[PDB]
Amino acid sequence: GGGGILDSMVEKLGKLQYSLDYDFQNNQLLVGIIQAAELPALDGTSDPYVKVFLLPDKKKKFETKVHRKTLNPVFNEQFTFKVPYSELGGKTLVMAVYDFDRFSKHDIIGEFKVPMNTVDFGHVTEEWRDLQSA
Ligand SMILES: [Mn+2]
């Protein structure tokens, strides 16, 4: 009654652990794409990879390596965004997990966003985030 409330709940599409730190010495944002867990199987298991990028920036998106046939990949990758601190406040970091497929569109598994204006810089941020439907 009931069903409508269940439909509003966050779907079980897995989670991604990432870390974030602004390097004030070099003036760049550092992002760690650590691992994902409990991904749904779209293939069976999926072939997950993560796209990492800033909005509204129109720059080419960074991507992790593809991890074949796993619902619990460990990426252990780091990415760097050369952006002065004063300009970072208006941007939003996006992390999106996709299922690599060689013969068809890569299905999105889920994504989430981290507005830079609500992040506590000066201390390394690390958290698990539930992937949201795209
Ligand atoms: Mn696949």
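Note that the numbering runs from 1 along the sequence shown for the chain. Note that ligands are numbered from 1 as they come in the structure, with each ligand's atoms numbered from 1 the same way.
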Report task. Kindly give the atom name of the N, O or S atom of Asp101 closest to the Mn ion (ligand 1). Result -> OD1

Report task. Taking the Mn ion (ligand 1) as the reference point, name the nearest N/O/S atom of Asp99. Result -> OD1

Query raised in the report: Does the shortest distance from the Mn ion (ligand 1) to an N/O/S atom of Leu42 fall below 2.8 Å?
Result: no

Query raised in the report: Below 6.0 angstrom between ring centroids: does that apply to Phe62 and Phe81?
Result: yes

**Report entry** Ion pair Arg129/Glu127, N-O distance below 4.0 Å
**Finding:** yes

Query raised in the report: Which class fits the ring pair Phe24 and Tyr85: parallel under 30°, tilted 30 to 60°, perpendicular over 60°?
Result: tilted

Requested in this report: Round to 10° and report the angle made at the Mn ion (ligand 1) by O of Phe100 and OD2 of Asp43.
Outcome: 170°

Query - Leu88: which of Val119, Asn117, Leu93, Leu29 passes side chain to side chain contact (heavy atoms under 4.5 Å, CB included) - result: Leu29

**Report entry** Min side-chain heavy-atom separation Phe75-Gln17 under 4.5 Å
**Finding:** no

Query raised in the report: Does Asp47 bring an N, O or S atom to within less than 2.8 Å of the Mn ion (ligand 1)?
Result: yes

